[PDB]
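Here's the structure, in structure tokens; my notes come after.
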Amino acid sequence: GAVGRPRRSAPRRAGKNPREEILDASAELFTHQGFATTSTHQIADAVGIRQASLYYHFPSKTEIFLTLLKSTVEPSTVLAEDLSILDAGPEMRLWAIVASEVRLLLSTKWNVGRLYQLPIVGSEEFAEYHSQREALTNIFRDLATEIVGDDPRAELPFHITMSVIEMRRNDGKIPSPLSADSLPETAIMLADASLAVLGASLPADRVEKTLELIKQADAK
Amino acid sequence: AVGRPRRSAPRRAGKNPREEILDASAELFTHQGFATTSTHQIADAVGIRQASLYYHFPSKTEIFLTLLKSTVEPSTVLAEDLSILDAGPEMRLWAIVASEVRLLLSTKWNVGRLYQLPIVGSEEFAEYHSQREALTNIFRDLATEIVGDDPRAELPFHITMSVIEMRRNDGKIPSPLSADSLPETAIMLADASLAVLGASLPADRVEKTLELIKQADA
DNA sequence: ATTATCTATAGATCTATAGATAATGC
DNA sequence: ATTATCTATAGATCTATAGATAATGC
């Protein structure tokens, strides 16, 4: 059996331990209703525990949110940095970054890309993340600037990319689990679009090659 | 109220007191969002006591719901009328993108942010909710008419909405309305939207669009 | 007389803490 | 004798409602 006074209701969330369970419940609610609207009771209720019982695992509702926010921002930011610097031309580099971030935002169980864009993040409190967020944004812009020059279109590939957030499911079924063998269709499209808005022909063997860069990046 | 107003005088802008509210509300709701924003915070911004707001509006919900209506309907009617008008699907699509972006750049605050708010889950919100989905269909429909049954039919709407990130939200209007001008951003996004669908650009798309506006105004 | 605001305040939340309690582990 | 949950509540803060009150109109 398990140490500790047994809970009133049986666990309802997927997780190897209460931390994962709570973050699981939290990711669903925060992506559906945002931070402020979601109350610790609903989180508790979702998890199947009393509200106070949360505080043994997380010191504050803000800390829960922070944790989730890290787990999406981090991999995405580093990935762009890792890929940013490679063999090919900026057409190819940008096509990959778009495909790679879309691959990623489709890989998670809940739609955590929706967290970046929430109001709460605007506050100064969450400055470490604006920082990473802008840094990411700048990578794309500069990539795009290498193709069209100083031109307002350079702003677009990033917004095209983030558009998956509006077009993916959010019910705890992963829309496209990761595969070393292939890229999800939707990634192909948004990469392909991101080059069309810059008026640039698609690069060569782009799916075959983008998976190469990911294998590389994964080993790093 | 002849002559320039005092700097001290209530910072808000509008014909009457209700409008002063919605002006205050839009600034707060599009920066911090609905739930994070207290009626107290609104009142202070309007220069009045918290309780007073309840003369003009029933609830904090109602303020917000109103602000939504005030930005959707204008767009929904715009799109619907251009939607049928006699021209090619590309031309129709370009005009809609351009004029939606034109419109989202016309307002004082960035009311497009209210769309991305997740607060719209309530039963009452349904009227707004299904009108948002109607507008969105117009785009999908048009796009599909250019490119068929293709996942790219989703793009033009989202490309359009991206202007929300590219806009200021400090009170100054980014691009005031005009009948002989489209802001550069609306042109860009409209061009992009057609670009992603592999569609040819109409040669006189700007001026044709400025015309269907004038025509659709009266 | 009709407004538009005010002061005051219930009651409905919501976060977090204090301390009891029931399971395992020694 | 350690751990993880529970019950119970303090203290905050927020929406909304009453009923008082300073302006004018008539």
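Identifiers for the structure tokens are assigned positionally: chains receive A, B, ... in sequence, residues are indexed from 1 per chain, and ligands are indexed from 1 in the order shown.
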
Pull out every residue of chain C sitting within 7 Å of chain A, counting only C-alpha atoms (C1' of nucleotides), and send them as an NGL selection string.
-> :C and (22-24)

Could you write those residues out with N, CA and C atoms (P, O5', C5', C4', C3', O3' and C1' of nucleotides), as a compact mmCIF listing (two decimals), in the first residue's frame?
# COMPACT_ATOMS: atom_id res chain seq x y z
P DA C 22 -8.60 8.64 12.17
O5' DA C 22 -8.04 7.63 11.08
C5' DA C 22 -8.34 7.86 9.71
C4' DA C 22 -7.17 7.42 8.86
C3' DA C 22 -6.74 5.98 9.06
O3' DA C 22 -6.60 5.41 7.76
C1' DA C 22 -4.88 7.38 9.18
P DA C 23 -6.95 3.90 7.52
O5' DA C 23 -6.21 3.58 6.15
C5' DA C 23 -5.11 2.67 6.12
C4' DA C 23 -3.81 3.37 5.76
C3' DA C 23 -2.58 2.50 5.91
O3' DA C 23 -2.57 1.37 5.02
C1' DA C 23 -2.11 4.76 6.45
P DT C 24 -1.31 0.42 5.05
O5' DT C 24 -0.24 1.27 4.27
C5' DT C 24 0.98 0.70 3.82
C4' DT C 24 2.08 1.66 4.21
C3' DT C 24 3.39 0.98 4.57
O3' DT C 24 4.37 1.27 3.58
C1' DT C 24 2.81 2.70 6.12

At a cut-off of 10 Å, can you tabulate as CSV every residue of chain B near chain A together with its closest atom pair and the distance in Å to one decimal, using only C-alpha atoms and ordering rows by chain then number?
residue,atom,partner,partner_atom,distance
B:29,CA,A:119,CA,9.3
B:30,CA,A:119,CA,8.4
B:31,CA,A:119,CA,6.8
B:32,CA,A:119,CA,5.3
B:33,CA,A:119,CA,6.1
B:34,CA,A:37,CA,8.9
B:35,CA,A:37,CA,6.0
B:36,CA,A:36,CA,6.0
B:37,CA,A:36,CA,9.8
B:113,CA,A:119,CA,9.6
B:116,CA,A:117,CA,8.6
B:117,CA,A:118,CA,7.8
B:118,CA,A:33,CA,5.4
B:119,CA,A:33,CA,6.4
B:120,CA,A:33,CA,8.7
B:121,CA,A:33,CA,8.0
B:151,CA,A:189,CA,8.0
B:152,CA,A:189,CA,7.3
B:154,CA,A:167,CA,8.2
B:155,CA,A:160,CA,7.9
B:156,CA,A:160,CA,9.9
B:157,CA,A:163,CA,10.0
B:158,CA,A:163,CA,6.4
B:159,CA,A:160,CA,6.6
B:161,CA,A:159,CA,9.4
B:162,CA,A:159,CA,6.3
B:163,CA,A:159,CA,9.4
B:165,CA,A:159,CA,8.5
B:166,CA,A:155,CA,8.4
B:184,CA,A:152,CA,9.1
B:185,CA,A:152,CA,8.1
B:188,CA,A:153,CA,7.1
B:189,CA,A:153,CA,8.5
B:191,CA,A:197,CA,8.0
B:192,CA,A:197,CA,5.1
B:193,CA,A:197,CA,7.9
B:194,CA,A:197,CA,8.7
B:195,CA,A:197,CA,5.6
B:196,CA,A:193,CA,5.1
B:197,CA,A:193,CA,8.1
B:198,CA,A:196,CA,7.9

What are the nearest atom pairs, with distances in Å to one decimal, for all residues of chain D that come at most 10 Å from chain B, using only C-alpha atoms (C1' of nucleotides), set out by chain and rising residue number as a tab-separated table?
residue	atom	partner	partner_atom	distance
D:13	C1'	B:38	CA	9.8
D:14	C1'	B:38	CA	7.4
D:15	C1'	B:39	CA	8.0
D:16	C1'	B:54	CA	7.8
D:17	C1'	B:51	CA	9.2

Dump as a PDB file, in the first residue's frame, selection limited to N, CA and C atoms (P, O5', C5', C4', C3', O3' and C1' of nucleotides):
ATOM      1  P    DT D  13      -6.321  42.351   0.414  1.00  0.00           P
ATOM      2  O5'  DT D  13      -7.498  42.015  -0.605  1.00  0.00           O
ATOM      3  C5'  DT D  13      -7.530  40.741  -1.269  1.00  0.00           C
ATOM      4  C4'  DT D  13      -8.793  40.597  -2.084  1.00  0.00           C
ATOM      5  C3'  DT D  13      -9.403  41.911  -2.587  1.00  0.00           C
ATOM      6  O3'  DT D  13      -9.872  41.732  -3.931  1.00  0.00           O
ATOM      7  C1'  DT D  13     -11.026  40.690  -1.494  1.00  0.00           C
ATOM      8  P    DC D  14     -10.113  42.986  -4.890  1.00  0.00           P
ATOM      9  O5'  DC D  14     -10.929  42.374  -6.111  1.00  0.00           O
ATOM     10  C5'  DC D  14     -11.300  40.992  -6.186  1.00  0.00           C
ATOM     11  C4'  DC D  14     -12.788  40.819  -5.991  1.00  0.00           C
ATOM     12  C3'  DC D  14     -13.700  41.841  -6.659  1.00  0.00           C
ATOM     13  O3'  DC D  14     -14.061  41.395  -7.964  1.00  0.00           O
ATOM     14  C1'  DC D  14     -14.551  41.002  -4.565  1.00  0.00           C
ATOM     15  P    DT D  15     -14.967  42.301  -8.890  1.00  0.00           P
ATOM     16  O5'  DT D  15     -16.433  41.901  -8.422  1.00  0.00           O
ATOM     17  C5'  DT D  15     -17.115  40.852  -9.098  1.00  0.00           C
ATOM     18  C4'  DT D  15     -18.476  40.636  -8.483  1.00  0.00           C
ATOM     19  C3'  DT D  15     -19.589  41.505  -9.074  1.00  0.00           C
ATOM     20  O3'  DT D  15     -20.648  40.655  -9.509  1.00  0.00           O
ATOM     21  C1'  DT D  15     -19.574  41.672  -6.691  1.00  0.00           C
ATOM     22  P    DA D  16     -21.769  41.203 -10.509  1.00  0.00           P
ATOM     23  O5'  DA D  16     -22.885  41.749  -9.512  1.00  0.00           O
ATOM     24  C5'  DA D  16     -23.455  40.907  -8.485  1.00  0.00           C
ATOM     25  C4'  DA D  16     -24.098  41.726  -7.388  1.00  0.00           C
ATOM     26  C3'  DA D  16     -25.098  42.797  -7.840  1.00  0.00           C
ATOM     27  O3'  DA D  16     -26.412  42.341  -7.510  1.00  0.00           O
ATOM     28  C1'  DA D  16     -23.735  43.543  -6.021  1.00  0.00           C
ATOM     29  P    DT D  17     -27.709  43.167  -7.962  1.00  0.00           P
ATOM     30  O5'  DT D  17     -28.362  43.561  -6.570  1.00  0.00           O
ATOM     31  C5'  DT D  17     -28.098  42.789  -5.386  1.00  0.00           C
ATOM     32  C4'  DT D  17     -28.365  43.624  -4.158  1.00  0.00           C
ATOM     33  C3'  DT D  17     -29.489  44.653  -4.314  1.00  0.00           C
ATOM     34  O3'  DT D  17     -30.441  44.385  -3.278  1.00  0.00           O
ATOM     35  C1'  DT D  17     -27.573  45.661  -3.373  1.00  0.00           C
TER      36       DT D  17
END

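Of the listed residues B:213, B:13, B:65, B:45, the one whose atoms come nearest to residue 122 (chain B) is B:65, with distances taken using only C-alpha atoms.
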
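Atom pair CA of residue 42 (chain A) / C1' of residue 2 (chain D) has a distance of 29.2 Å (rounded to one decimal).
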
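Each of C:1, C:6, C:12, C:18 was compared to residue 52 (chain B) using only C-alpha atoms (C1' of nucleotides), and C:6 turns out to be the nearest.
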
Leaving out region 135-146 of chain B and any residue of its chain fewer than 2 positions from it, which residues lie within 8 Å of it when counting only C-alpha atoms (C1' of nucleotides), given as a VMD selection string?
-> chain B and resid 75 to 76 79 to 80 83 89 to 90 92 to 93 131 to 133 148 to 150 152 to 154 156 to 157 197 199

Can you pull out every residue from region 49-190 of chain B that DSSP, working from the backbone, puts in helix (DSSP H, G or I), and format the result as a PDB file with C-alpha atoms, in the first residue's frame?
ATOM      1  CA  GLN B  50     -17.044  51.194  -7.473  1.00  0.00           C
ATOM      2  CA  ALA B  51     -20.712  50.850  -6.604  1.00  0.00           C
ATOM      3  CA  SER B  52     -21.835  53.499  -9.150  1.00  0.00           C
ATOM      4  CA  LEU B  53     -21.094  51.288 -12.203  1.00  0.00           C
ATOM      5  CA  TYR B  54     -24.206  49.269 -11.275  1.00  0.00           C
ATOM      6  CA  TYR B  55     -26.532  52.074 -12.328  1.00  0.00           C
ATOM      7  CA  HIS B  56     -25.205  51.927 -15.891  1.00  0.00           C
ATOM      8  CA  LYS B  60     -19.208  43.108 -14.844  1.00  0.00           C
ATOM      9  CA  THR B  61     -20.179  40.434 -17.302  1.00  0.00           C
ATOM     10  CA  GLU B  62     -22.524  42.814 -19.074  1.00  0.00           C
ATOM     11  CA  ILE B  63     -19.817  45.408 -19.594  1.00  0.00           C
ATOM     12  CA  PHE B  64     -17.628  42.759 -21.232  1.00  0.00           C
ATOM     13  CA  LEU B  65     -20.333  41.087 -23.207  1.00  0.00           C
ATOM     14  CA  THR B  66     -21.188  44.556 -24.546  1.00  0.00           C
ATOM     15  CA  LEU B  67     -17.576  45.319 -25.538  1.00  0.00           C
ATOM     16  CA  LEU B  68     -17.591  42.024 -27.470  1.00  0.00           C
ATOM     17  CA  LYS B  69     -20.840  42.724 -29.320  1.00  0.00           C
ATOM     18  CA  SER B  70     -19.541  46.208 -30.192  1.00  0.00           C
ATOM     19  CA  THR B  71     -16.550  44.713 -32.068  1.00  0.00           C
ATOM     20  CA  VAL B  72     -17.995  41.513 -33.576  1.00  0.00           C
ATOM     21  CA  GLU B  73     -21.222  42.792 -35.208  1.00  0.00           C
ATOM     22  CA  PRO B  74     -19.390  45.525 -37.268  1.00  0.00           C
ATOM     23  CA  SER B  75     -17.019  42.857 -38.582  1.00  0.00           C
ATOM     24  CA  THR B  76     -19.705  40.224 -39.095  1.00  0.00           C
ATOM     25  CA  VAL B  77     -21.844  42.563 -41.162  1.00  0.00           C
ATOM     26  CA  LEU B  78     -18.808  43.804 -43.145  1.00  0.00           C
ATOM     27  CA  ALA B  79     -17.714  40.292 -44.082  1.00  0.00           C
ATOM     28  CA  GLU B  80     -21.232  39.088 -44.964  1.00  0.00           C
ATOM     29  CA  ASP B  81     -21.877  41.905 -47.445  1.00  0.00           C
ATOM     30  CA  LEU B  82     -18.477  41.765 -49.229  1.00  0.00           C
ATOM     31  CA  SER B  83     -18.893  37.964 -49.203  1.00  0.00           C
ATOM     32  CA  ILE B  84     -21.621  37.853 -51.868  1.00  0.00           C
ATOM     33  CA  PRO B  89     -13.036  34.482 -54.832  1.00  0.00           C
ATOM     34  CA  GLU B  90      -9.484  35.846 -54.601  1.00  0.00           C
ATOM     35  CA  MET B  91     -10.684  39.396 -54.880  1.00  0.00           C
ATOM     36  CA  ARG B  92     -13.439  38.806 -52.341  1.00  0.00           C
ATOM     37  CA  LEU B  93     -11.025  37.174 -49.932  1.00  0.00           C
ATOM     38  CA  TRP B  94      -8.422  39.903 -50.275  1.00  0.00           C
ATOM     39  CA  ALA B  95     -11.003  42.582 -49.528  1.00  0.00           C
ATOM     40  CA  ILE B  96     -12.268  40.776 -46.442  1.00  0.00           C
ATOM     41  CA  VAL B  97      -8.803  40.205 -45.000  1.00  0.00           C
ATOM     42  CA  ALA B  98      -7.835  43.801 -45.769  1.00  0.00           C
ATOM     43  CA  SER B  99     -10.985  45.330 -44.337  1.00  0.00           C
ATOM     44  CA  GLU B 100     -11.023  43.136 -41.198  1.00  0.00           C
ATOM     45  CA  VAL B 101      -7.439  44.134 -40.532  1.00  0.00           C
ATOM     46  CA  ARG B 102      -8.400  47.702 -41.398  1.00  0.00           C
ATOM     47  CA  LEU B 103     -11.115  47.554 -38.803  1.00  0.00           C
ATOM     48  CA  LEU B 104      -9.033  45.907 -36.035  1.00  0.00           C
ATOM     49  CA  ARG B 113      -7.462  40.670 -27.695  1.00  0.00           C
ATOM     50  CA  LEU B 114     -10.969  40.061 -26.347  1.00  0.00           C
ATOM     51  CA  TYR B 115     -11.336  37.335 -28.979  1.00  0.00           C
ATOM     52  CA  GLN B 116      -8.385  35.342 -27.679  1.00  0.00           C
ATOM     53  CA  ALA B 126     -23.447  31.686 -26.806  1.00  0.00           C
ATOM     54  CA  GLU B 127     -24.937  34.534 -28.879  1.00  0.00           C
ATOM     55  CA  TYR B 128     -21.427  36.020 -29.335  1.00  0.00           C
ATOM     56  CA  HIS B 129     -19.909  32.555 -29.551  1.00  0.00           C
ATOM     57  CA  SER B 130     -21.812  31.368 -32.634  1.00  0.00           C
ATOM     58  CA  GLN B 131     -21.454  34.754 -34.331  1.00  0.00           C
ATOM     59  CA  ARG B 132     -17.668  34.462 -33.954  1.00  0.00           C
ATOM     60  CA  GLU B 133     -17.931  31.028 -35.606  1.00  0.00           C
ATOM     61  CA  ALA B 134     -20.088  32.481 -38.428  1.00  0.00           C
ATOM     62  CA  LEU B 135     -17.476  35.117 -39.325  1.00  0.00           C
ATOM     63  CA  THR B 136     -14.772  32.474 -39.190  1.00  0.00           C
ATOM     64  CA  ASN B 137     -16.814  30.323 -41.636  1.00  0.00           C
ATOM     65  CA  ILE B 138     -17.016  33.084 -44.195  1.00  0.00           C
ATOM     66  CA  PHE B 139     -13.231  32.958 -44.436  1.00  0.00           C
ATOM     67  CA  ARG B 140     -12.903  29.166 -44.435  1.00  0.00           C
ATOM     68  CA  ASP B 141     -15.647  29.036 -47.099  1.00  0.00           C
ATOM     69  CA  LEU B 142     -13.985  31.575 -49.365  1.00  0.00           C
ATOM     70  CA  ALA B 143     -10.563  30.030 -48.993  1.00  0.00           C
ATOM     71  CA  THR B 144     -12.016  26.609 -49.871  1.00  0.00           C
ATOM     72  CA  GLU B 145     -13.544  28.149 -53.007  1.00  0.00           C
ATOM     73  CA  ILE B 146      -9.992  29.066 -54.105  1.00  0.00           C
ATOM     74  CA  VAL B 147      -8.106  25.953 -53.013  1.00  0.00           C
ATOM     75  CA  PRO B 151      -6.171  22.183 -44.826  1.00  0.00           C
ATOM     76  CA  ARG B 152      -4.885  25.600 -45.944  1.00  0.00           C
ATOM     77  CA  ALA B 153      -8.428  26.900 -45.897  1.00  0.00           C
ATOM     78  CA  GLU B 154      -7.854  27.629 -42.196  1.00  0.00           C
ATOM     79  CA  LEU B 155      -4.889  29.968 -42.730  1.00  0.00           C
ATOM     80  CA  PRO B 156      -6.394  33.215 -44.025  1.00  0.00           C
ATOM     81  CA  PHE B 157      -8.468  33.737 -40.914  1.00  0.00           C
ATOM     82  CA  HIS B 158      -5.451  33.188 -38.629  1.00  0.00           C
ATOM     83  CA  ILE B 159      -3.194  35.286 -40.781  1.00  0.00           C
ATOM     84  CA  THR B 160      -5.811  38.032 -40.535  1.00  0.00           C
ATOM     85  CA  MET B 161      -6.048  37.805 -36.775  1.00  0.00           C
ATOM     86  CA  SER B 162      -2.272  38.120 -36.304  1.00  0.00           C
ATOM     87  CA  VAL B 163      -2.624  41.923 -36.589  1.00  0.00           C
ATOM     88  CA  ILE B 164      -3.600  41.721 -32.911  1.00  0.00           C
ATOM     89  CA  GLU B 165       0.064  41.062 -32.108  1.00  0.00           C
ATOM     90  CA  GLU B 184       0.284  48.923 -44.973  1.00  0.00           C
ATOM     91  CA  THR B 185      -0.427  46.049 -42.524  1.00  0.00           C
ATOM     92  CA  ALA B 186      -3.812  45.269 -44.002  1.00  0.00           C
ATOM     93  CA  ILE B 187      -2.288  45.105 -47.446  1.00  0.00           C
ATOM     94  CA  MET B 188       0.507  42.844 -46.246  1.00  0.00           C
ATOM     95  CA  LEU B 189      -1.768  40.421 -44.473  1.00  0.00           C
ATOM     96  CA  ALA B 190      -4.182  40.280 -47.381  1.00  0.00           C
TER      97      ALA B 190
END

Which value, in Å to one decimal, gives the distance between CA of residue 176 (chain B) and CA of residue 149 (chain A)?
-> 27.9 Å

Excluding residue 175 (chain A) and any residue of its chain fewer than 5 positions from it, enumerate the residues within 12 Å of it, using only C-alpha atoms (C1' of nucleotides), and give them as a list in words.
-> residues 102, 103, 104, 105, 106, 107, 108, 109, 110, 111, 164, 165, 167, 168, 169, 170, 184, 185, 186 and 187 of chain A

Write out as a PyMOL selection string the residues lying within 12 Å of residue 20 (chain D), counting only C-alpha atoms (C1' of nucleotides) and excluding same-chain residues fewer than 5 positions away.
-> chain C and resi 5-8

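Straight-line separation from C1' of residue 4 (chain C) to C1' of residue 25 (chain D): 13.8 Å.
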
Residues near region 213-219 of chain A, cut-off 12 Å, only C-alpha atoms (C1' of nucleotides), skip fewer than 4 positions along chain, as a PyMOL selection string = chain A and resi 75+78-88+92-93+95-97+99-101+103-104+178-183+206-209

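In terms of minimum interatomic distance to residue 56 (chain A), A:18 ranks closest within A:113, A:25, A:18, A:145, counting only C-alpha atoms.
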